[PDB]
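Reading through the structure tokens given below for one structure.
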Amino acid sequence: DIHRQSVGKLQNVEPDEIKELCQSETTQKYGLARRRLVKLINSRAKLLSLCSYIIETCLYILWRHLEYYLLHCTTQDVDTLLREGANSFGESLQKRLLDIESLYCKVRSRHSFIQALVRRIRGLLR
Amino acid sequence: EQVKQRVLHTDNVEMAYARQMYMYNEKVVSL
């Protein structure tokens with residue numbers, strides 16, 4: 001959200017507004033504003049890609065840990081695992097993941113890999 | 001990107017067909 005919004009403010013770049021607009025960084029004011037906004041755009045892009053990574057990794061880590069912990073843990077743990085797992089990855093989480101993957105991922109990755117990981121997480125969950 | 005590449009990464013009958021292909025390869029050098 002802050003990212004699309006900053007991008008809009010940038011594409012619509014043109015004292016209180018100028019003061020608060022230089023405070024985190026008229027012609028030099030406008031240049032400084034372009035600078036700070038592009039900086040925030042980069043920071044957002046980076047936090048965003050780092051998000052993408054954190055999500056995808058966490059998916060891989062959970063998948064492997066759960067396969068090993070229910071399919072190959074010699075025994076409550078696996079049962080409580082299935083239970084709290086159908087509980088935690090309620091459809092809110094999954095639809096949130098697909099909503100994001102549609103929001104941003106289509107513009108940076110040729111593969112909605114998150115969609116696949118969601119499918120497999122469900123398939124081992126159900 | 002490497003994580004993603006790794007992600008996309010993640011018998012007797014065959015022995016017979018394989019010997020057959022071995023012979024085919026030899027010849028080429030109908031499956």
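Please note that chains go A, B, ... in the order of the structure tokens, that every chain numbers its residues from 1, and that ligands are numbered from 1 in the order shown.
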
Once you count only C-alpha atoms, what closest atom pair and distance in Å to one decimal does each residue of chain A within 12 Å of chain B have, with rows by chain and rising residue number, as CSV?
```
residue,atom,partner,partner_atom,distance
A:49,CA,B:1,CA,11.1
A:52,CA,B:4,CA,11.0
A:53,CA,B:3,CA,8.8
A:54,CA,B:3,CA,11.3
A:56,CA,B:4,CA,8.7
A:57,CA,B:3,CA,8.1
A:58,CA,B:3,CA,11.9
A:59,CA,B:7,CA,10.9
A:60,CA,B:7,CA,8.5
A:61,CA,B:7,CA,11.8
A:63,CA,B:10,CA,11.7
A:64,CA,B:10,CA,11.3
A:108,CA,B:1,CA,11.6
A:109,CA,B:1,CA,9.8
A:110,CA,B:4,CA,11.0
A:111,CA,B:4,CA,9.3
A:112,CA,B:4,CA,10.8
A:113,CA,B:4,CA,8.2
A:114,CA,B:4,CA,10.6
A:116,CA,B:8,CA,10.0
A:117,CA,B:7,CA,9.5
A:120,CA,B:10,CA,11.5
```

List the neighbours of residue 30 (chain B) out to 12 Å using only C-alpha atoms; skip same-chain residues closer than 4 positions along the sequence, and give me the result as a ChimeraX atom specification. /B:20-21,23-25

Could you save the residues just selected, with N, CA, C and O atoms, as a tab-separated table (two decimals), in the first residue's frame?
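Once everything was written out, this is result31.tsv:
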```tsv
chain	number	residue	atom	x	y	z
B	20	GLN	N	17.91	-51.31	-25.52
B	20	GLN	CA	17.42	-51.06	-26.87
B	20	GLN	C	17.94	-49.74	-27.40
B	20	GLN	O	18.44	-49.66	-28.53
B	21	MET	N	17.82	-48.69	-26.60
B	21	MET	CA	18.30	-47.39	-27.05
B	21	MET	C	19.81	-47.40	-27.24
B	21	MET	O	20.33	-46.70	-28.10
B	23	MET	N	21.54	-49.86	-28.37
B	23	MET	CA	21.72	-50.43	-29.70
B	23	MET	C	21.35	-49.42	-30.78
B	23	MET	O	22.03	-49.32	-31.81
B	24	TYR	N	20.26	-48.69	-30.57
B	24	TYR	CA	19.85	-47.67	-31.53
B	24	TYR	C	20.96	-46.65	-31.73
B	24	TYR	O	21.35	-46.34	-32.86
B	25	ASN	N	21.46	-46.09	-30.62
B	25	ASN	CA	22.56	-45.14	-30.68
B	25	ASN	C	23.71	-45.71	-31.49
B	25	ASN	O	24.23	-45.05	-32.39
```

Can you check which residues of chain B DSSP gives as alpha helix (DSSP H) on the backbone and send them as number ranges by chain? B: 2-9, 12-28

Nearest candidate to residue 95 (chain A) (options A:115, A:74, A:11, A:5; using only C-alpha atoms):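 Smallest separation from residue 95 (chain A) among the options: A:115.
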
Pick the closest to residue 100 (chain A) from A:28, A:55, A:20, A:37: which is it, counting only C-alpha atoms? A:55

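Nearest residue to residue 48 (chain A), choosing from A:3, A:124, A:102, A:24 and counting only C-alpha atoms: A:3.
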